[PDB]
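The chain below stands alone and is given in structure tokens; this is the form deposited in one PDB entry.
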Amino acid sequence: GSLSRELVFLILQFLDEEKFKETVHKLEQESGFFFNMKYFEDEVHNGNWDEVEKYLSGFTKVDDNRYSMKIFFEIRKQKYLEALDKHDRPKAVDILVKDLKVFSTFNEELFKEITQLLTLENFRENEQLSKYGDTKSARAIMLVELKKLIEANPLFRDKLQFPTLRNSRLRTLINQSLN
């Protein structure tokens, strides 16, 4: 019930058909009207953490609510574990201070336990993390958690469904009227 919002959905369908894919996602992000779950899934799967966070930023901030807090924490925790698994402690300690320290103030003992992982030979020595397989398996299990959190978050609840539109909607509307 907003022309600005109706136009965004019409434009998003034109861009998709035109295959201007980067523009599709920038419009979703910058407008905030539609969160593409299919896009987010692919991005999490390919470990493109910078784009995952930039995209999320168009819909939520890290401290907006408890769901938003856990979404960002889960992603940074995975980014961290992956640096540990590749035996890159300088990178893992860089992620801990720059990305995970923000949540230390909330659960302090959790942060201490996550920090302790840097000293283990293999982080699977920790009871909770013994079940972590490879990075492909880990990303899949976290994505299932991420998906639950987005669906249960009030800031995202009304932004997961794209309207049912006839193909070339914007093409057919401008052609008839611009005459």
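Counting begins at 1, following the sequence as shown.
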{"query": "Residue range whose averaged C-alpha B-factor is higher in the record, 39 to 47 or 123 to 131", "finding": "123 to 131"}
{"query": "Per the entry, higher mean C-alpha B factor between 22 to 30 and 148 to 156", "finding": "148 to 156"}
{"query": "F73 by Cα B-factor - lowest, middle or highest third of the modelled chain", "finding": "lowest"}
{"query": "For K112, the third of its chain into which the C-alpha B factor falls", "finding": "lowest"}
{"query": "CA B-factor ranking of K61, expressed as a third of its chain", "finding": "middle"}
{"query": "Third of the chain, ranked by Cα B-factor, where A138 sits", "finding": "highest"}
{"query": "Ranked against its chain, the third holding the CA B-factor of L96", "finding": "lowest"}
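We do not show the form solved in complex with a partner chain, though everything after this point is about it.
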query: Listed residue (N48, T119, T135, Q128) with a non-hydrogen atom within 4.5 angstroms of its partner chain in the deposited bound form; finding: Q128
query: Complete contact of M69, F106 and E113 with its partner chain in the deposited bound form (any heavy atom, 4.5 Å); finding: yes
query: Proximity of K77 to its partner chain in the deposited bound form, heavy atoms at 4.5 Å; finding: yes
